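Novice: My file is work_20.txt. It has compact mmCIF, N, CA and C atoms:
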```txt
# COMPACT_ATOMS: atom_id res chain seq x y z
N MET K 1 13.94 7.68 11.06
CA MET K 1 13.14 8.54 10.16
C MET K 1 11.66 8.46 10.54
N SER K 2 10.98 9.59 10.47
CA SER K 2 9.55 9.62 10.70
C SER K 2 8.85 10.06 9.41
N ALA K 3 8.67 9.10 8.50
CA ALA K 3 8.20 9.38 7.14
C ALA K 3 9.24 10.21 6.38
N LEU K 4 8.98 10.49 5.11
CA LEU K 4 9.90 11.27 4.31
C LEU K 4 9.14 12.13 3.31
N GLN K 5 8.96 13.40 3.66
CA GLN K 5 8.28 14.37 2.80
C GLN K 5 6.90 13.85 2.37
N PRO K 6 5.93 13.82 3.29
CA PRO K 6 4.60 13.31 2.99
C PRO K 6 3.77 14.29 2.17
N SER K 7 3.41 13.88 0.97
CA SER K 7 2.60 14.71 0.09
C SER K 7 1.13 14.37 0.26
N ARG K 8 0.82 13.09 0.22
CA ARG K 8 -0.54 12.61 0.37
C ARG K 8 -0.56 11.28 1.10
N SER K 9 -1.71 10.94 1.65
CA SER K 9 -1.90 9.64 2.27
C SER K 9 -3.05 8.92 1.58
N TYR K 10 -2.84 7.65 1.27
CA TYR K 10 -3.82 6.86 0.57
C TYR K 10 -4.32 5.74 1.47
N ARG K 11 -5.63 5.61 1.60
CA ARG K 11 -6.21 4.55 2.42
C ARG K 11 -6.49 3.31 1.59
N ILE K 12 -6.58 2.18 2.25
CA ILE K 12 -6.97 0.95 1.60
C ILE K 12 -8.46 0.74 1.81
N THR K 13 -9.24 0.98 0.77
CA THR K 13 -10.69 0.90 0.88
C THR K 13 -11.16 -0.55 0.77
N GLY K 14 -10.27 -1.41 0.30
CA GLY K 14 -10.59 -2.81 0.16
C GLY K 14 -9.71 -3.49 -0.85
N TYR K 15 -10.13 -4.66 -1.29
CA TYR K 15 -9.37 -5.43 -2.25
C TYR K 15 -9.92 -5.20 -3.65
N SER K 16 -9.08 -5.35 -4.65
CA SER K 16 -9.47 -5.15 -6.03
C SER K 16 -10.33 -6.32 -6.53
N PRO K 17 -11.07 -6.13 -7.63
CA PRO K 17 -11.84 -7.20 -8.26
C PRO K 17 -10.94 -8.22 -8.95
N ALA K 18 -9.67 -7.87 -9.11
CA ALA K 18 -8.71 -8.73 -9.79
C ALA K 18 -8.03 -9.69 -8.83
N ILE K 19 -8.37 -9.60 -7.55
CA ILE K 19 -7.79 -10.47 -6.54
C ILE K 19 -8.22 -11.91 -6.79
N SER K 20 -7.24 -12.81 -6.91
CA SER K 20 -7.53 -14.18 -7.30
C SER K 20 -6.72 -15.19 -6.50
N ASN K 21 -7.20 -16.43 -6.47
CA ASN K 21 -6.44 -17.58 -5.96
C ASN K 21 -6.04 -17.43 -4.49
N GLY K 22 -6.96 -16.92 -3.67
CA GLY K 22 -6.71 -16.84 -2.24
C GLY K 22 -5.66 -15.81 -1.88
N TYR K 23 -5.44 -14.84 -2.77
CA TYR K 23 -4.46 -13.80 -2.52
C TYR K 23 -4.87 -12.92 -1.35
N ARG K 24 -6.16 -12.88 -1.04
CA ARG K 24 -6.65 -12.12 0.10
C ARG K 24 -6.00 -12.65 1.37
N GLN K 25 -5.81 -13.96 1.40
CA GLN K 25 -5.20 -14.63 2.53
C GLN K 25 -3.73 -14.27 2.63
N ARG K 26 -3.07 -14.12 1.49
CA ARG K 26 -1.68 -13.71 1.45
C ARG K 26 -1.57 -12.27 1.95
N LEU K 27 -2.50 -11.44 1.50
CA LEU K 27 -2.53 -10.03 1.88
C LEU K 27 -2.82 -9.89 3.37
N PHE K 28 -3.77 -10.68 3.86
CA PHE K 28 -4.13 -10.67 5.27
C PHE K 28 -2.93 -11.09 6.12
N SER K 29 -2.22 -12.09 5.64
CA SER K 29 -1.00 -12.55 6.28
C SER K 29 0.04 -11.43 6.34
N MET K 30 0.07 -10.61 5.29
CA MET K 30 1.04 -9.52 5.20
C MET K 30 0.57 -8.28 5.95
N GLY K 31 -0.70 -8.27 6.34
CA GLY K 31 -1.24 -7.16 7.10
C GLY K 31 -1.90 -6.12 6.22
N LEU K 32 -2.41 -6.56 5.08
CA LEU K 32 -3.10 -5.66 4.15
C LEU K 32 -4.61 -5.89 4.21
N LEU K 33 -5.31 -4.99 4.89
CA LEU K 33 -6.74 -5.10 5.03
C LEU K 33 -7.39 -3.72 4.86
N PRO K 34 -8.68 -3.68 4.50
CA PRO K 34 -9.42 -2.43 4.35
C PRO K 34 -9.50 -1.65 5.66
N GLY K 35 -9.30 -0.35 5.58
CA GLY K 35 -9.36 0.47 6.77
C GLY K 35 -8.02 1.09 7.11
N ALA K 36 -6.95 0.53 6.55
CA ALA K 36 -5.62 1.03 6.80
C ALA K 36 -5.29 2.16 5.85
N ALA K 37 -4.14 2.75 6.04
CA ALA K 37 -3.71 3.89 5.24
C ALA K 37 -2.19 3.90 5.07
N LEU K 38 -1.74 4.41 3.94
CA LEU K 38 -0.31 4.50 3.66
C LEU K 38 0.06 5.95 3.37
N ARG K 39 1.10 6.42 4.04
CA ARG K 39 1.60 7.77 3.84
C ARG K 39 2.78 7.74 2.89
N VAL K 40 2.66 8.43 1.76
CA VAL K 40 3.66 8.34 0.70
C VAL K 40 5.05 8.80 1.14
N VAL K 41 6.04 7.94 0.92
CA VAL K 41 7.43 8.33 0.99
C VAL K 41 7.94 8.62 -0.41
N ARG K 42 7.77 7.64 -1.31
CA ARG K 42 8.11 7.81 -2.73
C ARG K 42 7.99 6.50 -3.51
N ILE K 43 7.78 6.63 -4.82
CA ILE K 43 7.85 5.50 -5.74
C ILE K 43 8.97 5.78 -6.74
N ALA K 44 9.71 4.75 -7.13
CA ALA K 44 10.76 4.90 -8.13
C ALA K 44 10.15 5.04 -9.52
N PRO K 45 10.64 6.01 -10.31
CA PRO K 45 10.08 6.34 -11.64
C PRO K 45 10.28 5.22 -12.66
N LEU K 46 11.24 4.34 -12.38
CA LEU K 46 11.51 3.17 -13.22
C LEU K 46 10.24 2.40 -13.47
N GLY K 47 9.50 2.21 -12.41
CA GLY K 47 8.28 1.46 -12.46
C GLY K 47 7.58 1.51 -11.15
N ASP K 48 8.11 0.78 -10.17
CA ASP K 48 7.50 0.74 -8.87
C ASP K 48 8.24 -0.09 -7.85
N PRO K 49 8.53 0.53 -6.73
CA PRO K 49 8.24 0.01 -5.42
C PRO K 49 7.20 0.94 -4.81
N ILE K 50 6.94 0.82 -3.54
CA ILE K 50 6.11 1.81 -2.87
C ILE K 50 6.61 2.01 -1.46
N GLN K 51 7.36 3.07 -1.25
CA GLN K 51 7.79 3.43 0.08
C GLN K 51 6.73 4.28 0.73
N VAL K 52 6.23 3.82 1.86
CA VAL K 52 5.19 4.53 2.59
C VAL K 52 5.41 4.42 4.09
N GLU K 53 4.61 5.15 4.84
CA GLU K 53 4.65 5.12 6.28
C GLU K 53 3.26 4.72 6.78
N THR K 54 3.19 4.07 7.93
CA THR K 54 1.93 3.53 8.42
C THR K 54 1.55 4.13 9.78
N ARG K 55 2.56 4.48 10.56
CA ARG K 55 2.37 4.98 11.92
C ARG K 55 3.72 5.27 12.57
N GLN K 56 4.58 4.26 12.57
CA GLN K 56 5.91 4.37 13.17
C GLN K 56 6.95 3.58 12.38
N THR K 57 6.54 3.02 11.26
CA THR K 57 7.41 2.18 10.46
C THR K 57 7.05 2.25 8.98
N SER K 58 8.08 2.31 8.14
CA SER K 58 7.90 2.41 6.70
C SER K 58 7.58 1.06 6.08
N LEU K 59 6.80 1.08 5.00
CA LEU K 59 6.39 -0.14 4.33
C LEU K 59 6.66 -0.02 2.84
N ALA K 60 6.96 -1.15 2.21
CA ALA K 60 7.25 -1.20 0.77
C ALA K 60 6.61 -2.42 0.12
N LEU K 61 6.22 -2.29 -1.15
CA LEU K 61 5.58 -3.38 -1.88
C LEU K 61 5.64 -3.08 -3.38
N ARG K 62 5.08 -3.97 -4.20
CA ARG K 62 5.15 -3.78 -5.64
C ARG K 62 3.80 -3.46 -6.24
N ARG K 63 3.85 -3.09 -7.50
CA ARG K 63 2.65 -2.73 -8.27
C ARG K 63 1.70 -3.92 -8.40
N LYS K 64 2.27 -5.11 -8.52
CA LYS K 64 1.47 -6.32 -8.69
C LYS K 64 0.75 -6.68 -7.40
N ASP K 65 1.39 -6.40 -6.28
CA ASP K 65 0.80 -6.63 -4.97
C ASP K 65 -0.24 -5.55 -4.69
N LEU K 66 0.07 -4.34 -5.14
CA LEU K 66 -0.87 -3.22 -5.04
C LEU K 66 -2.11 -3.48 -5.89
N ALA K 67 -1.92 -4.22 -6.97
CA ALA K 67 -3.00 -4.53 -7.89
C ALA K 67 -4.04 -5.45 -7.26
N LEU K 68 -3.72 -5.99 -6.09
CA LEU K 68 -4.67 -6.81 -5.34
C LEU K 68 -5.48 -5.96 -4.37
N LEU K 69 -5.12 -4.68 -4.28
CA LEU K 69 -5.79 -3.76 -3.38
C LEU K 69 -6.42 -2.61 -4.14
N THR K 70 -7.46 -2.03 -3.57
CA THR K 70 -8.04 -0.81 -4.08
C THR K 70 -7.81 0.33 -3.09
N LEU K 71 -7.14 1.38 -3.53
CA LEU K 71 -6.78 2.48 -2.66
C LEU K 71 -7.68 3.69 -2.88
N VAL K 72 -7.93 4.41 -1.80
CA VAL K 72 -8.66 5.67 -1.87
C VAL K 72 -7.88 6.75 -1.12
N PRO K 73 -7.45 7.80 -1.82
CA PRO K 73 -6.67 8.87 -1.21
C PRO K 73 -7.52 9.72 -0.27
N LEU K 74 -6.86 10.48 0.59
CA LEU K 74 -7.54 11.45 1.44
C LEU K 74 -8.30 12.44 0.56
N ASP K 75 -7.60 12.96 -0.44
CA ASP K 75 -8.20 13.83 -1.44
C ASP K 75 -7.66 13.48 -2.82
```
Could you show the structure in this file as structure tokens?
Specialist:
Amino acid sequence: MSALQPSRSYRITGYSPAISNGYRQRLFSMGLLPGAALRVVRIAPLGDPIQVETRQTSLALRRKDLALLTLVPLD
């Protein structure tokens, strides 16, 4: 698969102010840094995962992990 019905792409402008307890290091370990971007695949209406595309591979995470990041959409 090469993404799945991309509606919008959201960039990671940085980390949230709620980031605590060295979570930046966890995020860095996971490959979450400012400057990157996620192309929407879909989120489940139940609550959340986050299926996205990065370049050649899909990525998924949770709302709580997302809460450590601040995203900025293309538009």
Novice: Restricting the calculation to all atoms listed in the file: of K:47, K:25, K:40, K:60, which residue gets closest to residue 10 of chain K?
Specialist: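 Smallest distance to residue 10 of chain K is found for K:40.
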Novice: Smallest atom-to-atom distance to residue 18 of chain K: which of K:32, K:67, K:52, K:61, using only N, CA and C atoms?
Specialist: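 The shortest atom-to-atom distance to residue 18 of chain K comes from K:67.
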Novice: Please report the interatomic distance between atom C of residue 14 of chain K and atom N of residue 27 of chain K in Å with one decimal.
Specialist: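 Atom C of residue 14 of chain K sits 11.0 Å away from atom N of residue 27 of chain K.
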Novice: Report the distance between atom CA of residue 43 of chain K and atom CA of residue 22 of chain K in Å, rounded to one decimal place.
Specialist: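 About the pair atom CA of residue 43 of chain K and atom CA of residue 22 of chain K: they are 26.9 Å apart.
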Novice: Could you tell me how far atom CA of residue 34 of chain K lies from atom CA of residue 74 of chain K, in Å and to one decimal?
Specialist: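 That distance, rounded to one decimal, is 14.3 Å.
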Novice: Please return, as a ChimeraX atom specification, all residues of chain K that DSSP assigns to helix (DSSP H, G or I) on the basis of the backbone.
Specialist: /K:23-30,63-66
Novice: Counting all atoms listed in the file, which residue out of K:21, K:16, K:51, K:29 sits closest to residue 66 of chain K?
Specialist: K:16
